[PDB]
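Protein chains in written order, with PDB author numbering: chain C, 1 to 9; chain A, 73 to 494.
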């Protein structure tokens with residue numbers, strides 16, 4: 001739900 | 073001697089024009105606050121721009137280009153004055169000069185103008201500076217020009233909003249070649265340029281990986297100089313924000329053992345923070361990608377950071393650990409628990425960063441599901457990981473999170489308690 005890939009800012 | 077200088081600049085004699093331009097350049101070449109504003113008000117800026125078109129006098133061209141570069145090195149207002157007098161298309165023309173000194177000066181001038189703001193960078197790019205800048209780069213280019221061209225390229229890629237990808241796309245084969253240099257300055261500037269180009273959508277990453285930079289970028293993670301390390305780590309980090317296939321291009325060149333050495337060696341907090349963030353986007357990957365993190369021996373040092381490091385690193389170690397519980401198999405998650413990830417995940421449930429509380433609650437929920445499946449397979453009367461969360465003081469923290477103001481935290485806390493402590 002909140003987890004996964006994060007882009008820069 | 074300023075009247076003789078303005079007079080010399082405003083004369084018709086080739087000797088006077090040169091001596092007075094050289095005096096202004098030396099006046100603006102001083103390392104302790106140059107009188108940029110005062111040289112502008114003497115009205116020599118338009119005359120120096122006229123001196124750039126003197127193809128018969130490359131030496132005057134050079135001094136005028138140096139003086140204008142130092143005028144353009146000042147405040148935003150000073151750069152605007154250089155732009156207003158149409159120097160930008162003339163410096164683009166000077167990239168085709170027969171003089172290497174003038175071409176080099178034209179490069180540093182364009183990098184200074186482009187570095188002022190995203191608007192100035194877009195004007196330099198709109199005057200077509202990119203293609204002639206690359207055309208004068210080859211096998212016989214001297215280090216001084218390699219250093220100025222790489223810095224200028226980095227200024228063309230820098231800034232938010234980012235330049236058009238179609239505008240900066242021709243710089244990718246050149247940067248791919250430039251990161252194979254051993255020169256610390258060229259490596260710094262090339263890596264920063266690639267960190268800007270790699271940040272964005274996955275189609276941008278695709279062009280970055282098709283340029284062939286992944287093997288060399290991984291080698292640069294072991295560069296002893298933090299000037300090279302930091303933008304190389306940023307580029308590798310941006311690439312792993314992509315899909316499973318794009319992330320695999322970094323894993324295939326033994327990036328995980330390199331990334332681990334950044335966590336265990338005594339480096340700056342911001343370096344370790346970036347390294348954990350990079351790992352978190354790898355553990356956000358498939359089962360084989362999480363297995364490669366495990367195989368590298370990263371979980372042990374990662375759990376220790378999650379438990380003991382400075383908050384900015386803990387934050388990123390929480391995402392790395394919880395991302396692996398999301399995409400990992402039953403056994404992979406049992407391996408994270410055997411490496412003691414429960415206590416440090418539980419300890420962060422009281423941290424004042426709402427997103428990290430929710431990251432830790434989801435990681436613990438995925439851990440409880442594995443423990444529940446083990447309880448069903450062995451026909452047990454107790455969830456082993458429920459007792460472990462209880463023993464770590466996690467159960468009391470989750471119970472207290474029901475009193476929280478944030479709805480994401482509150483609904484997650486209730487969902488966990490109704491499922492494993494009814």
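In this text, a Cβ means the ideal position worked out from N, Cα and C, and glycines have one as well.
**Asked** Anyone know if the C-beta pair for residue 315 of chain A and residue 274 of chain A falls short of 7 Å?
**Response** Locating residue 315 of chain A in the second chain gives position 243, where the first residue counts as 1. Locating residue 274 of chain A in the second chain gives position 202, where the first residue counts as 1. Closer than 7 Å, so yes.
**Message:** For a test of the three-state rule: what should DSSP assign to residue 366 of chain A, helix, strand or coil?
**Reply:** In the second chain, residue 366 of chain A corresponds to position 294, counting from 1. Correct three-state label for residue 366 of chain A: helix.
**Item:** DSSP three-state assignment for residue 208 of chain A, whether helix, strand or coil
**Value:** Within the second chain, numbered from 1, the residue matching residue 208 of chain A stands at position 136. In the structure shown, residue 208 of chain A sits in coil (DSSP, three-state: anything other than H, G, I, E or B).
**Request:** Measure how close the beta-carbons of residue 385 of chain A and residue 341 of chain A come, nearest whole angstrom, since I'm counting them as under 8 Å.
**Result:** Within the second chain, residue 385 of chain A is the residue found at index 313, counting from 1. Within the second chain, residue 341 of chain A is the residue found at index 269, counting from 1. Their Cβ separation, rounded to whole angstroms, is 6 Å, which keeps residue 385 of chain A and residue 341 of chain A in contact under 8 Å.
**Message:** Can you look up residue 507 of chain A in the DSSP assignment and give me helix, strand or coil?
**Reply:** What the structure shows of chain A is the stretch from 73 to 494, and residue 507 of chain A is not part of that stretch, so it cannot be assessed.
**Message:** Closest to residue 187 of chain A by C-alpha separation, out of A:200, A:176, A:141, A:212, would be which residue?
**Reply:** Your numbering for residue 187 of chain A matches position 115 in the second chain. It is A:141.
**Prompt:** Which class does residue 9 of chain C belong to by DSSP, given the choice of helix, strand or coil?
**Reply:** Along the first chain, read from residue 1 onward, the residue named residue 9 of chain C stands at position 9. In the structure shown, residue 9 of chain C sits in coil (DSSP, three-state: anything other than H, G, I, E or B).
**Message:** Less than 6 Å between C-beta atoms, sequence neighbours within five positions excluded: which residues of the same chain meet that for residue 447 of chain A?
**Reply:** Looking up residue 447 of chain A in the second chain gives position 375. Excluding sequence neighbours, residue 447 of chain A sits near 455.
**Given 8 Å, three or more beta-carbon pairs between the stretch 342-356 of chain A and the stretch 325-334 of chain A** = yes
**Message:** With H, G and I counted as helix, E and B as strand and the rest as coil, what does DSSP make of residue 129 of chain A?
**Reply:** Position 57 of the second chain holds residue 129 of chain A. Coil.
**Request:** Anything in chain C within Cβ reach of residue 563 of chain A, meaning under 9 Å, just list it in chain order.
**Result:** Residue 563 of chain A is absent from the model: chain A starts at 73 and stops at 494.
**Message:** Below 8 Å on the Cβ atoms is my contact criterion, and I expect residue 256 of chain A with residue 300 of chain A to pass it. Report the Cβ-Cβ distance as a whole number of Å.
**Reply:** The sequence position of residue 256 of chain A within the second chain is 184, counting from 1. The sequence position of residue 300 of chain A within the second chain is 228, counting from 1. At roughly 6 Å, the Cβ-Cβ gap stays under 8 Å, so residue 256 of chain A and residue 300 of chain A are in contact.
**Every unbroken alpha helix (DSSP H) within the stretch 366-394 of chain A, with a cutoff of 4 residues, ordered by chain** = 371-380
**Request:** Indicate whether at least one CB of chain C lies closer than 7 Å to the CB of residue 353 of chain A.
**Result:** Residue numbering aside, residue 353 of chain A sits at position 281 when the second chain is read from its first letter. So yes, residue 353 of chain A belongs to the interface.
**Message:** For a test of the three-state rule: what should DSSP assign to residue 493 of chain A, helix, strand or coil?
**Reply:** Within the second chain, residue 493 of chain A is the residue found at index 421, counting from 1. Coil, per DSSP.
**Prompt:** Under 8 Å Cβ-Cβ, which residues of chain C neighbour residue 313 of chain A?
**Reply:** Indexing the second chain from 1 puts residue 313 of chain A at position 241. Simply 5, 6, 7, 8.
**Message:** Taking CB distances under 7 Å as the criterion, tell me whether residue 430 of chain A reaches chain C.
**Reply:** Here residue 430 of chain A refers to the residue found at position 358 of the second chain. Answer yes: the Cβ-Cβ gap between residue 430 of chain A and chain C drops below 7 Å somewhere.
**Message:** Looking at residue 308 of chain A: is its Cβ nearer than 7 Å to the Cβ of residue 289 of chain A?
**Reply:** Taking the first residue of the second chain as position 1, residue 308 of chain A is located at position 236. Taking the first residue of the second chain as position 1, residue 289 of chain A is located at position 217. Cβ distance < 7 Å, so residue 308 of chain A and residue 289 of chain A count as in contact.
**Message:** I want to know whether the stretch 412-429 of chain A touches the stretch 75-93 of chain A - three or more CB-CB distances under 8 Å.
**Reply:** no
**Asked** Nearest CA to the CA of residue 215 of chain A: which residue from A:355, A:175, A:258?
**Response** Against the second chain, residue 215 of chain A aligns to sequence position 143. Taking only the C-alpha atoms, the option nearest residue 215 of chain A is A:258.
**Item:** Interface residues of chain C facing residue 434 of chain A [CB-CB closer than 7 Å]
**Value:** By one-based count along the second chain, residue 434 of chain A stands at place 362. In chain order: 1, 2, 3.
**Message:** Give me the chain C residues within the contact set of residue 324 of chain A, using Cβ-Cβ distance strictly less than 9 Å, ordered along the chain.
**Reply:** Here the question's residue 324 of chain A lines up with position 252 in the second chain. Chain C residues near residue 324 of chain A: none, gap ~19 Å exceeds 9 Å.
**Prompt:** What residues in its chain sit with their C-beta under 6 Å from that of residue 264 of chain A, if we drop five residues either side in the sequence?
**Reply:** Locating residue 264 of chain A in the second chain gives position 192, where the first residue counts as 1. So the list reads 226, 303, once near-sequence residues are dropped.
**Prompt:** Going straight from the alpha carbon of residue 151 of chain A to that of residue 364 of chain A, what length do you get?
**Reply:** Indexing the second chain from 1 puts residue 151 of chain A at position 79. Indexing the second chain from 1 puts residue 364 of chain A at position 292. Going by the C-alpha atoms only, they are around 50 Å apart.
**Prompt:** Name the residues in the stretch 256-279 of chain A whose C-beta lies less than 7 Å from a C-beta of chain C; which are they?
**Reply:** 271
**Request:** Assuming residue 484 of chain A contacts residue 421 of chain A (C-beta within less than 8 Å), just tell me the rounded distance between them.
**Result:** Counted from its first residue, the second chain places residue 484 of chain A at position 412. Counted from its first residue, the second chain places residue 421 of chain A at position 349. Wrong, their Cβ atoms sit about 10 Å apart, outside the cutoff.
**Asked** Under three-state DSSP, which class holds residue 402 of chain A?
**Response** Counting from one through the second chain, the residue named residue 402 of chain A turns up at place 330. Reduced to three states, the DSSP call for residue 402 of chain A is helix.
**Prompt:** If the cut is a Cβ gap below 8 Å, which residues of chain C does residue 395 of chain A touch?
**Reply:** Here the question's residue 395 of chain A lines up with position 323 in the second chain. Within 8 Å Cβ-Cβ: 3, 4.
**Request:** Pull up the CB-CB distance for residue 283 of chain A and residue 245 of chain A, whole angstroms please, since I reckon it's below 8 Å.
**Result:** If you number the second chain from 1, residue 283 of chain A lands on position 211. If you number the second chain from 1, residue 245 of chain A lands on position 173. Rounded, the Cβ-Cβ distance is 6 Å, consistent with contact.
**Prompt:** Comparing alpha-carbon positions, which option in A:170, A:122, A:99, A:103 lies nearest residue 139 of chain A?
**Reply:** As a working mapping, residue 139 of chain A is identified with position 67 in the second chain. Residue 139 of chain A has its Cα closest to that of A:99, out of A:170, A:122, A:99, A:103.
**6 Å Cβ shell around residue 387 of chain A - same chain, five flanking residues per side excluded** = To locate residue 387 of chain A, count along the second chain from 1; it is residue 315. Correct list, in chain order: 428.
**Prompt:** Which bits of chain C does residue 342 of chain A rub up against, with CB to CB less than 8 Å?
**Reply:** Along the second chain, read from residue 1 onward, the residue named residue 342 of chain A stands at position 270. Result: empty, since nearest Cβ-Cβ is about 14 Å, beyond 8 Å.
**Prompt:** By the criterion of Cβ-Cβ separation under 7 Å, what are the contact partners of residue 310 of chain A in chain C?
**Reply:** Here residue 310 of chain A corresponds to residue number 238 of the second chain, with the count starting at 1. Those within 7 Å of residue 310 of chain A in chain C are 8.
**Request:** Check distances from the C-beta atoms of the stretch 376-407 of chain A to those of chain C and list, in chain order, the residues that come in under 9 Å.
**Result:** 391, 394, 395, 397, 398, 399
**Message:** With H, G and I counted as helix, E and B as strand and the rest as coil, what does DSSP make of residue 283 of chain A?
**Reply:** Position 211 of the second chain, counting from 1, holds the residue named residue 283 of chain A. Reduced to three states, the DSSP call for residue 283 of chain A is coil.
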